[PDB]
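Peer 1:
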RNA sequence: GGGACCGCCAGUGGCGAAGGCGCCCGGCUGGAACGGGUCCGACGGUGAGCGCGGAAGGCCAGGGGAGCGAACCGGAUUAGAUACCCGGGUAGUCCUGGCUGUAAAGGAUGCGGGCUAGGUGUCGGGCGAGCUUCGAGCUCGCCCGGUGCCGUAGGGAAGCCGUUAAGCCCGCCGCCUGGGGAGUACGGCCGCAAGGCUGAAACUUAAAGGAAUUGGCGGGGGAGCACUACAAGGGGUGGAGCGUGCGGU
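Residue numbers (PDB author numbering), protein chains in the order written: chain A2, 1 to 35; chain AZ, 4 to 69; chain AY, 3 to 63; chain AD, 11 to 194; chain AN, 11 to 137.
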């Protein structure tokens, strides 16, 4: 979890904060159903 | 008709949105503020020394901000 | 900038006022300077040149 | 209506303020007049317009018939005046002190100093300490009323500036506000 | 003896209130808001509602033995705005013009040294 | 009565290793620069492994809960409102003890030494002149350190930088090797948890990206124009019939 500054330029992109948070929610649910 | 005539002396400059209102300085020629100089507006053409009639002397216009 | 550093501090042959005592003292003392016999102070340390009070007789380098 | 049921009681300034007359208040009962604050200006009491900024609050406490006699709640300088004094590239030095007078009148006074330019903090500490000790002294030697008047004319501020010259010149020294906390 | 009262002229950007009280400010004499004189809430802070209401309160005070008045201008103060509304000047002129002898005209907006966090959130009232 | 917070003074002040640090007094402690080499004698520089404190927010236990305000509850706006505006309102924001080790923590500039035209200010220490109501209290020159701004040579794609280097040499550490896939999968270790610290591959792509030039555009900013605009003033179209055109049949 070492975020690339390049990804923060909103050109052709969604705001990086929210993509990070989405990945985190996905992480949550996956680790949950694993155990 | 409680009016008060006053004498124009100096013209401050065209005022209002469209410049059709002209700002002048007028001296109250009669009333409770005799001789007092007030900045007052004029719709329609005006010159120096016109006698303009006031309903209220107390009203005043803000200084023209450039 | 001077190539060889030369000290801005000289030494002072001085005469004390009270007991007539000669002494060699420093221009920028880091501490107090007092006389041998009467004991009174001679030069006060400060941020720079010490505060002389007695009479300077000669300037040594 | 009620307003006809009111009657006017005259107020009287404190005796040490020359016992001047200032104004009247309408009350439906005398009991509603006690502990009534009145805000006056020293130009009114002494007539001196030069010190118009200073204001005195009098808590009205004594009613004999129609007449009202008061106590000296406190003093405040005019906020506009203080604002005018304060300027950029200048220091503001505020000294707050509780104090007992010679006659047991307990008090809070805070005092004001401003210099021409920006000064070192330690010098401000020295200013505070010197003014502190001076006001302690004047409290010791002087009683309530005389000390109050002595503060009113500001000559305390004058001697304060005189002694504070020995640390840094002052654009103006003064006593911003005074609150008689309680009586003996 | 000439009678002097206190005219508290509160002015926000939504309303103006003119309250006339005795020299101690402990007894009410005349208290007229902007709402008394207009029928649109938007019109309450306008200078006309101000001067009309002010004149009404002024004549009422005159009828009750008042002649002189000390004006006390007030902005909302606190964490709220500090500039008096546009109607305060109009109301002061009206009180002068209603036959009241005007004395001290000062501001009494309570200015805080260090006040609560104001309203609206961190990014401001995002109009 | 209560809880927070300490205005103007505040500045291109100060201090701090960094995030960060401002009400007054007294105490305790940490240091730094300046002036004196009085001392030691290379005792150094850097740092893989290690260790420390470390903004907001979150979390565990207890207290506290003025205002503000995540969630939530209403009012309004709208085609729609899960928002923007408004009325409230929980966790939070405060104190105590512990955890969590994160940010545009950005000068987007790892640190130490030697060299290198200048101009100028403030900050602070020292020195020398001038002023003095005699307080290093006020003006000027210099030296040192920090902090800008301008700037020669010089650099660099350019933006720009330029003795506070991003120029030239010496010492050490880390990091980087087209773009997505991805800070993901698996695994390890840590943390009560949310998470943290390490971390690929397949496959897919001719660009991605950086600086500046011109035009264009701005529900940006200034200046100036009046008639295909507007303010003053003024006529009349659209309602009825016809001439004639365009669409329609």
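Where is the CB? At the ideal position from N, CA and C, for every residue including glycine.
Can you tell me which of the three DSSP states residue 90 (chain AD) falls into?
Peer 2: Here residue 90 (chain AD) refers to the residue found at position 80 of the fourth chain. If DSSP states are grouped into helix, strand and coil, residue 90 (chain AD) belongs with the helices.
Peer 1: Using a Cβ-Cβ cut-off of 8 Å (strictly less than) and excluding sequence neighbours within five positions of residue 13 (chain AN), which residues of its own chain qualify?
Peer 2: By 1-based counting over the fifth chain, the position of residue 13 (chain AN) is 3. Correct list, in chain order: 75, 76, 77 and 78.
Peer 1: In chain order, which continuous runs of the alpha helix (DSSP H) of length 4 or greater are located wholly inside the stretch 144-175 of chain AD?
Peer 2: 154-162 and 165-174
Peer 1: Could you tell me the alpha carbon to alpha carbon distance between residue 56 (chain AZ) and residue 18 (chain AZ), rounded to whole angstroms?
Peer 2: Within the second chain, numbered from 1, the residue matching residue 56 (chain AZ) stands at position 53. Within the second chain, numbered from 1, the residue matching residue 18 (chain AZ) stands at position 15. Rounded to whole angstroms, the separation of the alpha carbons of residue 18 (chain AZ) and residue 56 (chain AZ) is 19 Å.
Peer 1: Can you tell me the Cβ-Cβ gap for residue 106 (chain AN) and residue 19 (chain AN), rounded? I've got them flagged as a contact below 8 Å.
Peer 2: The residue you call residue 106 (chain AN) lines up with position 96 of the fifth chain. The residue you call residue 19 (chain AN) lines up with position 9 of the fifth chain. With 8 Å as the limit, residue 106 (chain AN) and residue 19 (chain AN) do not qualify as a contact, their Cβ atoms being about 12 Å apart.
Peer 1: Tell me whether the beta-carbon of residue 44 (chain AY) lies closer than 8 Å to the beta-carbon of residue 18 (chain AY).
Peer 2: Counting from one through the third chain, the residue named residue 44 (chain AY) turns up at place 42. Counting from one through the third chain, the residue named residue 18 (chain AY) turns up at place 16. In this structure, residue 18 (chain AY) lies closer than 8 Å to residue 44 (chain AY) by Cβ.
Peer 1: Beta strand (DSSP E) containing residue 25 (chain AZ): first to last residue?
Peer 2: By 1-based counting over the second chain, the position of residue 25 (chain AZ) is 22. First-last of the beta strand (DSSP E) with residue 25 (chain AZ): 24-31.
Peer 1: Mark residue 30 (chain AN) as exposed unless 16 or more other C-beta atoms lie within 10 angstroms of its C-beta, in which case mark it buried.
Peer 2: In the fifth chain, the residue the question calls residue 30 (chain AN) occupies position 20. So residue 30 (chain AN) ends up on the buried side.
Peer 1: With a threshold of 16 other CB atoms inside 10 Å of the CB of residue 54 (chain AN), please say whether the residue is buried or exposed.
Peer 2: If you number the fifth chain from 1, residue 54 (chain AN) lands on position 44. Residue 54 (chain AN) comes out buried.
Peer 1: Could you name the residues of chain AN that residue 30 (chain AD) contacts, counting a contact when the two beta carbons are closer than 7 Å?
Peer 2: The sequence position of residue 30 (chain AD) within the fourth chain is 20, counting from 1. Those do not exist, as residue 30 (chain AD) stays about 13 Å from chain AN at its closest Cβ, beyond 7 Å.
Peer 1: Whose C-alpha, out of 31 (chain AZ), 26 (chain AZ) and 61 (chain AZ), is nearest the C-alpha of residue 48 (chain AZ)?
Peer 2: Along the second chain, one-based indexing puts residue 48 (chain AZ) at 45. Of the listed residues, the one whose Cα sits closest to residue 48 (chain AZ) is 26 (chain AZ).
Peer 1: Quick one: give me the first and last residue of the beta strand (DSSP E) that residue 55 (chain AZ) is part of.
Peer 2: Taking the second chain and counting its residues from 1, one reaches residue 55 (chain AZ) at position 52. Unbroken beta strand (DSSP E) run through residue 55 (chain AZ): 54-57.
Peer 1: Looking at the C-beta of residue 111 (chain AN), does it have a partner C-beta in chain AD at a distance below 8 Å?
Peer 2: The residue you call residue 111 (chain AN) lines up with position 101 of the fifth chain. The beta carbon of residue 111 (chain AN) sits no closer than 8 Å to any beta carbon of chain AD.
Peer 1: Which full runs of the beta strand (DSSP E) of 3+ residues lie inside the stretch 51-129 of chain AN, going along the chain?
Peer 2: 78-84 and 111-117
Peer 1: Locate the alpha helix (DSSP H) running through residue 33 (chain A2), then write down its first and last residues.
Peer 2: Looking up residue 33 (chain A2) in the first chain gives position 33. In the DSSP annotation of this structure, the continuous segment of the alpha helix (DSSP H) that includes residue 33 (chain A2) starts and ends at 16-34.
Peer 1: I think residue 52 (chain AD) touches residue 66 (chain AD), with their Cβ atoms under 8 Å apart; what is that distance to the nearest whole Å?
Peer 2: The residue you call residue 52 (chain AD) lines up with position 42 of the fourth chain. The residue you call residue 66 (chain AD) lines up with position 56 of the fourth chain. Right, the Cβ-Cβ distance comes to about 7 Å (below 8 Å), so this counts as a contact.
Peer 1: Among residues of its own chain, excluding the 5 on either side of residue 33 (chain AY), which ones have a beta-carbon nearer than 7 Å to its beta-carbon?
Peer 2: Stepping through the third chain from its first residue, residue 33 (chain AY) is reached at position 31. 47.
Peer 1: Closest to residue 52 (chain AZ) by CA distance: which of 59 (chain AZ), 38 (chain AZ) and 12 (chain AZ) is it?
Peer 2: What you label residue 52 (chain AZ) is simply residue 49 of the second chain in a count that begins at 1. The shortest C-alpha separation from residue 52 (chain AZ) is found at 12 (chain AZ).
Peer 1: In the stretch 98-109 of chain AN, which residues sit with their C-beta less than 7 Å from some C-beta in chain AZ, listed in chain order?
Peer 2: 103 and 107
Peer 1: Looking only at C-alpha atoms, which of 85 (chain AN), 67 (chain AN) and 15 (chain AN) sits nearest to residue 33 (chain AN)?
Peer 2: Within the fifth chain, numbered from 1, the residue matching residue 33 (chain AN) stands at position 23. It is 15 (chain AN) whose Cα lies nearest to the Cα of residue 33 (chain AN).
Peer 1: I want to see whether chain AN comes within less than 8 Å of residue 61 (chain AZ), judged by CB atoms only; does it?
Peer 2: One-based indexing of the second chain puts residue 61 (chain AZ) at position 58. Judged by the 8 Å Cβ criterion, residue 61 (chain AZ) is in contact with chain AN.
Peer 1: Closer than 8 Å by C-beta to residue 36 (chain AY): which residues in its own chain qualify, once you throw out the five before and the five after it? Chain order, please.
Peer 2: For the purposes of this step, residue 36 (chain AY) is identified with residue 34 of the third chain, where counting begins at 1. The answer, listed in chain order, is 42, 43 and 44.
Peer 1: Alpha carbon to alpha carbon, how far is residue 89 (chain AN) from residue 126 (chain AN)?
Peer 2: In the fifth chain, residue 89 (chain AN) corresponds to position 79, counting from 1. In the fifth chain, residue 126 (chain AN) corresponds to position 116, counting from 1. In a straight line, the C-alpha of residue 89 (chain AN) is about 7 Å away from that of residue 126 (chain AN).
Peer 1: From residue 88 (chain AD) to residue 8 (chain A2), what does the alpha carbon distance come to, in whole angstroms?
Peer 2: Looking up residue 88 (chain AD) in the fourth chain gives position 78. Looking up residue 8 (chain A2) in the first chain gives position 8. For residue 88 (chain AD) and residue 8 (chain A2), the distance between alpha carbons rounds to 55 Å.
Peer 1: Cβ closer than 7 Å: which chain AD residues qualify as neighbours of residue 31 (chain AN)?
Peer 2: On the fifth chain, residue 31 (chain AN) is found 21 positions in, with the first residue counted as 1. Those within 7 Å of residue 31 (chain AN) in chain AD number zero; the least Cβ separation is about 10 Å.
Peer 1: Can you round the beta-carbon distance between residue 84 (chain AD) and residue 188 (chain AD) to whole angstroms, since I take them to be within the 8 Å contact cut?
Peer 2: Residue numbering aside, residue 84 (chain AD) sits at position 74 when the fourth chain is read from its first letter. Residue numbering aside, residue 188 (chain AD) sits at position 178 when the fourth chain is read from its first letter. Correct: roughly 5 Å between the Cβ atoms.
Peer 1: Which bits of chain AD does residue 34 (chain AN) rub up against, with CB to CB less than 7 Å?
Peer 2: Working through the fifth chain from its first residue, we reach residue 34 (chain AN) at position 24. The answer, in chain order, is 35, 46, 47 and 48.
Peer 1: Return the residue from the list 9 (chain AY), 54 (chain AY) and 15 (chain AY) that minimises the CA-CA distance to residue 24 (chain AY).
Peer 2: Translated into the one-based positions of the third chain, residue 24 (chain AY) becomes position 22. Comparing alpha-carbon positions, the option among 9 (chain AY), 54 (chain AY) and 15 (chain AY) lying closest to residue 24 (chain AY) turns out to be 15 (chain AY).
Peer 1: Counting only Cβ pairs nearer than 8 Å, list the residues of chain AD close to residue 4 (chain AN).
Peer 2: This structure leaves residue 4 (chain AN) out entirely; chain AN is present only between 11 and 137.
Peer 1: With respect to the beta strand (DSSP E) encompassing residue 104 (chain AD), which residues constitute its N-terminal and C-terminal limits?
Peer 2: On the fourth chain, position 94 is the one that residue 104 (chain AD) refers to. Element bounds for residue 104 (chain AD): 103-110.
Peer 1: Taking only beta-carbon atoms, is residue 94 (chain AD) less than 8 Å away from chain AN?
Peer 2: Taking the fourth chain and counting its residues from 1, one reaches residue 94 (chain AD) at position 84. Not one chain AN Cβ lies under 8 Å of residue 94 (chain AD).
Peer 1: Looking at the C-beta of residue 74 (chain AN), does it have a partner C-beta in chain AD at a distance below 8 Å?
Peer 2: In the fifth chain, the residue the question calls residue 74 (chain AN) occupies position 64. At least one C-beta of chain AD is nearer than 8 Å to the C-beta of residue 74 (chain AN).
Peer 1: So that I know if they touch, is there some Cβ in chain AD lying closer than 8 Å to that of residue 116 (chain AN)?
Peer 2: For the purposes of this step, residue 116 (chain AN) is identified with residue 106 of the fifth chain, where counting begins at 1. Yes, its Cβ sits closer than 8 Å to a Cβ of chain AD.
Peer 1: Quick one: what does DSSP say residue 191 (chain AD) is sitting in, helix, strand or coil?
Peer 2: Here residue 191 (chain AD) refers to the residue found at position 181 when the fourth chain is read from its first residue. Three-state result, residue 191 (chain AD): strand.
Peer 1: Mind checking which residues open and close the beta strand (DSSP E) that includes residue 26 (chain AN)?
Peer 2: If you number the fifth chain from 1, residue 26 (chain AN) lands on position 16. It spans 26-31 - the beta strand (DSSP E) in which residue 26 (chain AN) sits, taken as one unbroken run.
Peer 1: Flag this pair as touching only if the stretch 103-123 of chain AD and the stretch 153-162 of chain AD have three or more C-beta atom pairs under 8 Å; answer yes or no.
Peer 2: Yes, since at least three Cβ pairs between the stretch 103-123 of chain AD and the stretch 153-162 of chain AD fall closer than 8 Å, the two stretches touch.
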